[PDB]
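Written out below as structure tokens is the structure these notes cover.
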Amino acid sequence: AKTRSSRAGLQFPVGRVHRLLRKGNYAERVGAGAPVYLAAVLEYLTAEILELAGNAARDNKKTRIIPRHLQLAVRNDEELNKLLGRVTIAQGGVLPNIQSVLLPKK
Amino acid sequence: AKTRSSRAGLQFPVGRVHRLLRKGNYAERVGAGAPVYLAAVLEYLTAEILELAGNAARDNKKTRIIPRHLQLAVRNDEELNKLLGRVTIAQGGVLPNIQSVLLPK
Amino acid sequence: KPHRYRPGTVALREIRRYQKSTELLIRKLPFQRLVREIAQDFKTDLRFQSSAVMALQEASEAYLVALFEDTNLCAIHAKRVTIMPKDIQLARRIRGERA
Amino acid sequence: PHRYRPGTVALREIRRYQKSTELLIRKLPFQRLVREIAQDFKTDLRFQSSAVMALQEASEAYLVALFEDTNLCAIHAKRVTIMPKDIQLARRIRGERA
Amino acid sequence: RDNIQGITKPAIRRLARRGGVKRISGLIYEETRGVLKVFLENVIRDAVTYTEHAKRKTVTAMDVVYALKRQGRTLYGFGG
Amino acid sequence: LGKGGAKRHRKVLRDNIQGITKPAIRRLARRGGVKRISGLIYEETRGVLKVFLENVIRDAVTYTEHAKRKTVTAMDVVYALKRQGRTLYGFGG
Amino acid sequence: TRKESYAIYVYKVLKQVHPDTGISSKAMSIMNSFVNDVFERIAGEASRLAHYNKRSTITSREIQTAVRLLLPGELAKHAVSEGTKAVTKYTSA
Amino acid sequence: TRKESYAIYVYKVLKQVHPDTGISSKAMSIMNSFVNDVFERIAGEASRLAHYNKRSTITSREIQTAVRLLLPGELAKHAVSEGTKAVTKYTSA
DNA sequence: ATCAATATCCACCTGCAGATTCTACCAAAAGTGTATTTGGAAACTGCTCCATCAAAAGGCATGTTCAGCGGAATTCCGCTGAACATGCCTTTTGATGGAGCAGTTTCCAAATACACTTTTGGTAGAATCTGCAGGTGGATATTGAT
DNA sequence: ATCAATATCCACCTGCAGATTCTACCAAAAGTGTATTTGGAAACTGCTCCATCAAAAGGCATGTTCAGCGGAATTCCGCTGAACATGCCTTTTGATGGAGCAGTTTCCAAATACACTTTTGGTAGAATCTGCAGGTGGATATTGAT
Ligand SMILES: [Mn+2]
Ligand SMILES: [Mn+2]
Ligand SMILES: [Mn+2]
Ligand SMILES: [Mn+2]
Ligand SMILES: [Mn+2]
Ligand SMILES: [Mn+2]
Ligand SMILES: [Mn+2]
Ligand SMILES: [Mn+2]
Ligand SMILES: [Mn+2]
Ligand SMILES: [Mn+2]
Numbered sequence: 015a016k017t018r019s020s021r022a023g024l025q026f027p028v029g030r031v032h033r034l035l036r037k038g039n040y041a042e043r044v045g046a047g048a049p050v051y052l053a054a055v056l057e058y059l060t061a062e063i064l065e066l067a068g069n070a071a072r073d074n075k076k077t078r079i080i081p082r083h084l085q086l087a088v089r090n091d092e093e094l095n096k097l098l099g100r101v102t103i104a105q106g107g108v109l110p111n112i113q114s115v116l117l118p119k120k
Numbered sequence: 015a016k017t018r019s020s021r022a023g024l025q026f027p028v029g030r031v032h033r034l035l036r037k038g039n040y041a042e043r044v045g046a047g048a049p050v051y052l053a054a055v056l057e058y059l060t061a062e063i064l065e066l067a068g069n070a071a072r073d074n075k076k077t078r079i080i081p082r083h084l085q086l087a088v089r090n091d092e093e094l095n096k097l098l099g100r101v102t103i104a105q106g107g108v109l110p111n112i113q114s115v116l117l118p119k
Numbered sequence: 038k039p040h041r042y043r044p045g046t047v048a049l050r051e052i053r054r055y056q057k058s059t060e061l062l063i064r065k066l067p068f069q070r071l072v073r074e075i076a077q078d079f080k081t082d083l084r085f086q087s088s089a090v091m092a093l094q095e096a097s098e099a100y101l102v103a104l105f106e107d108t109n110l111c112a113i114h115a116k117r118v119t120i121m122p123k124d125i126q127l128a129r130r131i132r133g134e135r136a
Numbered sequence: 039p040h041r042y043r044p045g046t047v048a049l050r051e052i053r054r055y056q057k058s059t060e061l062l063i064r065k066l067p068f069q070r071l072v073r074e075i076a077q078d079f080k081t082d083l084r085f086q087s088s089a090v091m092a093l094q095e096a097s098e099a100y101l102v103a104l105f106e107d108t109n110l111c112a113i114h115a116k117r118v119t120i121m122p123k124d125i126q127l128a129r130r131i132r133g134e135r136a
Numbered sequence: 037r038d039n040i041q042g043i044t045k046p047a048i049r050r051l052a053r054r055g056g057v058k059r060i061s062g063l064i065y066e067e068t069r070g071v072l073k074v075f076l077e078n079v080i081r082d083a084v085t086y087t088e089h090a091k092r093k094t095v096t097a098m099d100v101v102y103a104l105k106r107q108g109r110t111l112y113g114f115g116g
Numbered sequence: 024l025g026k027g028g029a030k031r032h033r034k035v036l037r038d039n040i041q042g043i044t045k046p047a048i049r050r051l052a053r054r055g056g057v058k059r060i061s062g063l064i065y066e067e068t069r070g071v072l073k074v075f076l077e078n079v080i081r082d083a084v085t086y087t088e089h090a091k092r093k094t095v096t097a098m099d100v101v102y103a104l105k106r107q108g109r110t111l112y113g114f115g116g
Numbered sequence: 033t034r035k036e037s038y039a040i041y042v043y044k045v046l047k048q049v050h051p052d053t054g055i056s057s058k059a060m061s062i063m064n065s066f067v068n069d070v071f072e073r074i075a076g077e078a079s080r081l082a083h084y085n086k087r088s089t090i091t092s093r094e095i096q097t098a099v100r101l102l103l104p105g106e107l108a109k110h111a112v113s114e115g116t117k118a119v120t121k122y123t124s125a
Numbered sequence: 033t034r035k036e037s038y039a040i041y042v043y044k045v046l047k048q049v050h051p052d053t054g055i056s057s058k059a060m061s062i063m064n065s066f067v068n069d070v071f072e073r074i075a076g077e078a079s080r081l082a083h084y085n086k087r088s089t090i091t092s093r094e095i096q097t098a099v100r101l102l103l104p105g106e107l108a109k110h111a112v113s114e115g116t117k118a119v120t121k122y123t124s125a
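Going down the list, the protein sequences come from chains Z, S, B, A, W, R, Y and F.
Position in the first sequence (from 1) plus 14 gives the number in UniProt numbering.
Position in the second sequence (from 1) plus 14 gives the number in UniProt numbering.
Position in the third sequence (from 1) plus 37 gives the number in UniProt numbering.
Position in the fourth sequence (from 1) plus 38 gives the number in UniProt numbering.
Position in the fifth sequence (from 1) plus 36 gives the number in UniProt numbering.
Position in the sixth sequence (from 1) plus 23 gives the number in UniProt numbering.
Position in the seventh sequence (from 1) plus 32 gives the number in UniProt numbering.
Position in the eighth sequence (from 1) plus 32 gives the number in UniProt numbering.
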């Protein structure tokens, strides 16, 4: 007896991802590798956000990641910001940004 | 022998709509009422746009509806316009419209 | 001789200030009434989960803040720094919310 | 000789092209552009002719609608002449560039 | 007061501030209340339809979250 | 015959964006209700259009490759457009 | 090899509303897209509606909420009546 | 009362990246949102890929094309690698 | 450009709300065996797309002339920001009934699953049909010119 | 203001492809009629958590005051694009042939869908644990006037 997640070398739920697929009405049948592949990709994307979110946590002298750190991580990254282009991260604020023309004479 | 659309007093094909719901994996099962209802909605909206389009055709003194009539129909009706706000009708053109500031004295 | 900060200086201060934080900006209760009121026009005798009303506030403020960013670019485009009703209108027009 | 004043033929053209549905870009040139771009993603590819047509219908409706927005932008700045900063602003708010 | 009026110039100005706005025309305030109203009427109309369909009497965060998704305004961190 | 070569060559495609001409760009603007056009608008439209086509074509070809086909079909384009939120009626989709 | 479309139906409906009016193939193609598009939007909304409610069946009840979620007010009101009517009539068979 | 979530896994993964780092209640909720959203988009895109090709099965081939249509440039390439790795590994076991 | 008035930043301590870890249940995933089905391979086909070729005219490019647009600059009224004194009300606990959202068991109507009789929608098509595309021009405006 | 140069719309008429009418083949579909499985409403009651009145209380909304400077109007003129005319390139059109590809048909097996019983990974509530919100205030820093 071995978790499909371990045979694939993943932390993510290969088995539940497989069940979420059957139940979601995406297709009649779901091939063997599909849940593995998808689990693998979901883990990858999570590791990416947490990594950037993490660094964002450090940079603010804190050790635990709050929503704001997720926001800074996503909106500062060209690619993630595009993937989450029409998604609102609750309690994330906005990136500091003042239109230079608004700055006082200098 | 009686088509399932005829007892629903509809022109759209209830059987067909019923199979498409199946073939599409929208749900494990499809109740008997669902395709009757959806086919009535499709028939309705198509009658609605054919009405508006036929009028646009008749205004251009044309007998057969072409794409520009469908476009005139949709864009002149708030609702259909919103229903199809992210849709492009091929060969439809745009509504004749010029911003006031660009006009002469 | 009192001390007066020049017009606009306190304004830029509030900007850096609020762009640093993530806390809501509409008083929670006043917001609760507006939401209850609106829902009422759709279905009477309605109850809302707490998070439900919270979700709406997060959504509402994210929406408005972003519209202000767009509204500001429209003002700047017209060579101004004051945002006006027409800037909001041009933004919503181009986004597809109007028509 | 005769000379219409600047803006007159322009307005005539607007009325002319808003009254029709003909594609406004030459076919062949458009087509080469499609195969060129497509060849850069995958080599040896043929196209159903309707495929090119669909791309041209989608491209022109997109550009025409983008010109409408751009136009509102120029008019917003009290101009009647559209400019790159007007196209740039329209795409920024549409969320294409930003 | 109409409740919408409960959305004060100071709150609005604050939102505008996070939006990077520096100056603000006096009419902006009303214009903003109308815009907000229209926004909430849209989401809530959809949220309620979900409640109503669920033969329920309470509007859950999930109804809101679904309405927002439905409106292309996907929200994270309240379920879903 | 199925020997040394690649089975004849069609001329190399280059600089085709320049085919979208100033006159064509003005015609589209006219339909968009534009009365006056700055000289710099032409190159800007070409670049915008190039980004537009790359995006759609990139998706279309992705469906094409997926079907293990060598011909980009109208359905491929139609799905590509739907995908980008630019649904097109009149080509099978 | 054989493909389908709502063409014959769209034609039946065209004659009821404009008996002396016809339709070009292009215009009919567009009409065929419209039906398929609306069909998908409605079925899709119904599908997720059912999922949210842990229902495994899509009933006319789900189609109805979908129609309400999807269509603009006045259109929703009429479509819902034509649909409630059709089903009711159907049942009396 | 039993209510599923990806929280534990998110947390395992977090540790693999930032061993000496934690995460607020809300932030973890957001992460769960994320995984569901992305799951849906990929599944759904995969779902229509299979339908466009008149295929009744969703294999990793579909998940792969889906990831390509959905993820921005570099994000897609990396995701695809990871995806392929695990399937390869999973078969070698 | 120096004070001088003020706001934002940053150091240290400490206790609790909120995060992390531990503690046994059990829904769900994994393991084995039988049954059902999908979709690549091989082999022949047939529509479709590619690439010419030839003729010719529609439309692109270029150069000239100048109308009028947009932006620089100066002016000046009044709208909005900063400041401040007054008090209304939103916010924080938090404790208390009960409308309601759910968890559990029962089970009829409603929805499969499958074999069969029967109709209808799609396709080819020769026939005929017939809406309307494409090309010319004076009557009716409306300038642009003088 | 009078007069010539002109674009567009609507009528003129036959030229033919695109739409409509049978003629009929004819299967993939839909309808009909059993045997059969089951999703979900219905009655039922627990553990949520939603509405709410108490209500002290200071954080925050508000009304007024004073003038800073921003927006909007006006005046002006360089020079950029609009209009147009000339030359002629290349797109458009239409008929033609060749091949590579797509699509249909038959088949063998690898792969997936059950069906059922055995094994824990994941969840919830409780017990253990700690990161950072907060309070205080001189230090650092930026702003504004004489
Ligand atoms: Mn190339
Ligand atoms: Mn001017
Ligand atoms: Mn009760
Ligand atoms: Mn028939
Ligand atoms: Mn004509
Ligand atoms: Mn059941
Ligand atoms: Mn100024
Ligand atoms: Mn030349
Ligand atoms: Mn265990
Ligand atoms: Mn602190």
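C-beta: ideal position from N, C-alpha, C; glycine also.
With 16 other CB atoms within 10 Å as the buried threshold, where does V67/F fall?
Taking the eighth sequence and counting its residues from 1, the one referred to as residue 67/F is at position 35. Answer is buried; the Cβ neighbour count reaches 16.
Which residues in chain Z have a C-beta closer than 8 Å to the C-beta of residue 139/B? List them in chain order.
Nothing about residue 139/B can be read from this structure; chain B reaches only from 38 to 136.
For my contact list, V108/S and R54/R are in at a C-beta cut-off of 8 Å; report their separation, rounded to the angstrom.
Here residue 108/S refers to the residue found at position 94 when the second sequence is read from its first residue. Here residue 54/R refers to the residue found at position 31 when the sixth sequence is read from its first residue. Separation of the CB atoms of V108/S and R54/R is rounded to 6 Å, and the pair is thereby assigned contact status at 8 Å.
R82/Z touches chain B at which residues, Cβ-Cβ below 9 Å?
By one-based count along the first sequence, residue 82/Z stands at place 68. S58 and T59, listed in chain order.
Note down, in chain order, all residues in the region 67 to 91 of chain Y with a beta-carbon under 7 Å from any beta-carbon belonging to chain R.
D69
Using a beta-carbon distance cut-off of less than 8 Å, what residues from the region 95 to 106 of chain R approach chain F?
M98, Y102 and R106
Mind checking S20/S: buried by the 16 CB within 10 Å criterion, or exposed?
Within the second sequence, numbered from 1, the residue matching residue 20/S stands at position 6. Classification for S20/S: exposed.
With distances taken Cα to Cα, identify the nearest neighbour of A47/W among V74/W, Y65/W and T85/W.
Walking along the fifth sequence from the start, residue 47/W turns up at place 11. When each option's Cα is compared against that of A47/W, the closest is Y65/W.
Please report how far the alpha carbon of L72/R lies from the alpha carbon of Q113/S, in whole angstroms.
Here residue 72/R refers to the residue found at position 49 when the sixth sequence is read from its first residue. Here residue 113/S refers to the residue found at position 99 when the second sequence is read from its first residue. The alpha-carbon separation between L72/R and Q113/S amounts to approximately 25 Å.
Name the chain W residues that come within less than 7 Å of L101/Y, Cβ to Cβ?
Residue numbering aside, residue 101/Y sits at position 69 when the seventh sequence is read from its first letter. Going along chain W in sequence order, the residues near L101/Y (Cβ under 7 Å) are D82, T85 and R106.
Residue-level contact to chain W via CB, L127/B, 8 Å cutoff:
In the third sequence, counting from the first residue as 1, residue 127/B sits at position 90. False, the Cβ-Cβ gap to chain W never drops below 8 Å.
Would you mind sorting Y41/F into buried or exposed? The rule is 16 or more other CB atoms within 10 Å of its CB.
Residue 41/F sits at position 9 when you count from the first residue of the eighth sequence. Looking at its Cβ environment, which holds 16 or more other Cβ atoms inside 10 Å, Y41/F is buried.
Excluding the five sequence neighbours on either side, which residues of its own chain have a C-beta within less than 7 Å of the C-beta of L93/A, listed in chain order?
Locating residue 93/A in the fourth sequence gives position 55, where the first residue counts as 1. So the list reads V72, once near-sequence residues are dropped.
At a CB-CB cut-off below 7 Å, which residues of chain Z make contact with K35/F?
In the eighth sequence, residue 35/F corresponds to position 3, counting from 1. Per Cβ cutoff of 7 Å: no residues; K35/F is ~13 Å from chain Z at best.
Confirm, please, whether the CB-CB distance from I120/A to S61/R is below 8 Å.
Against the sixth sequence, residue 61/R aligns to sequence position 38. Against the fourth sequence, residue 120/A aligns to sequence position 82. For the 8 Å CB-CB criterion, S61/R and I120/A form a contact.
Return helix, strand or coil for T60/S, following the three-state DSSP convention.
As a position in the second sequence, residue 60/S is number 46, starting the count at 1. Looking at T60/S - three-state DSSP - the assignment turns out to be helix.
Own chain partners of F68/B with C-beta closer than 6 Å, once the 5 adjacent residues on each side are dropped:
In the third sequence, the residue the question calls residue 68/B occupies position 31. So the list reads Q94, once near-sequence residues are dropped.
8 Å Cβ cutoff, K121/F in contact with chain Z
Residue 121/F sits at position 89 when you count from the first residue of the eighth sequence. Interface residue, yes.
What would DSSP say about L98/S, mapped onto helix, strand or coil?
The count along the second sequence starts at 1 and reaches residue 98/S at position 84. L98/S: coil per DSSP, three-state reduction.
Find the nearest neighbour of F75/R within the set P39/A, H40/A, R43/A and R129/A, judged by alpha-carbon distance.
The residue given as residue 75/R occupies position 52 in the sixth sequence. For the residues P39/A, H40/A, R43/A and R129/A, the minimum Cα distance to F75/R belongs to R129/A.
Taking only beta-carbon positions, decide if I55/F is within less than 8 Å of chain W.
To locate residue 55/F, count along the eighth sequence from 1; it is residue 23. For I55/F, not one C-beta of chain W is nearer than 8 Å to its own C-beta.
May I ask which residues mark the beginning and end of the alpha helix (DSSP H) holding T97/F?
In the eighth sequence, the residue the question calls residue 97/F occupies position 65. Per DSSP, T97/F belongs to the alpha helix (DSSP H) from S92 to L102.
Measure from the C-beta of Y42/A to each C-beta in chain R and report whether the shortest distance is under 8 Å.
If you number the fourth sequence from 1, residue 42/A lands on position 4. For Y42/A, the answer is no, since every Cβ of chain R falls outside 8 Å of its Cβ.
Counting only beta-carbon atoms, is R130/B nearer than 8 Å to chain A?
Indexing the third sequence from 1 puts residue 130/B at position 93. It does; some Cβ of chain A falls within 8 Å.
Inter-stretch contact at 8 Å, needing at least 3 Cβ pairs: the region 82 to 90 of chain Z / the region 93 to 102 of chain W
Contact between the region 82 to 90 of chain Z and the region 93 to 102 of chain W is absent, because fewer than three Cβ pairs lie under 8 Å.
Checking contacts by CB at 8 Å: is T116/Y closer than that to chain W?
Taking the seventh sequence and counting its residues from 1, one reaches residue 116/Y at position 84. For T116/Y, the answer is no, since every Cβ of chain W falls outside 8 Å of its Cβ.
Cβ of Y112/R within 8 Å of Cβ of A104/S?
Within the sixth sequence, the letter at position 89 stands for residue 112/R. Within the second sequence, the letter at position 90 stands for residue 104/S. It is a contact, given that the beta carbons lie within the stated cut-off.
Give a single yes or no on whether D82/A has its beta carbon closer than 7 Å to a heavy atom of ligand 1.
For the purposes of this step, residue 82/A is identified with residue 44 of the fourth sequence, where counting begins at 1. Incorrect: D82/A has no Cβ contact closer than 7 Å to ligand 1.
Helix or strand or just coil, what does DSSP make of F85/A?
Translated into the one-based positions of the fourth sequence, residue 85/A becomes position 47. Note: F85/A maps to strand in three-state DSSP.
With DSSP collapsed to three states, give me the class of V42/F.
By 1-based counting over the eighth sequence, the position of residue 42/F is 10. It is helical.
Quick check: the Cα distance between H83/Y and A48/S, rounded to an integer number of angstroms?
On the seventh sequence, residue 83/Y is found 51 positions in, with the first residue counted as 1. On the second sequence, residue 48/S is found 34 positions in, with the first residue counted as 1. So the two alpha carbons sit approximately 16 Å from each other.
Closer than 8 Å by beta-carbon distance: list the chain Z residues that pair up with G45/B, in chain order.
The sequence position of residue 45/B within the third sequence is 8, counting from 1. Going along chain Z in sequence order, the residues near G45/B (Cβ under 8 Å) are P118.
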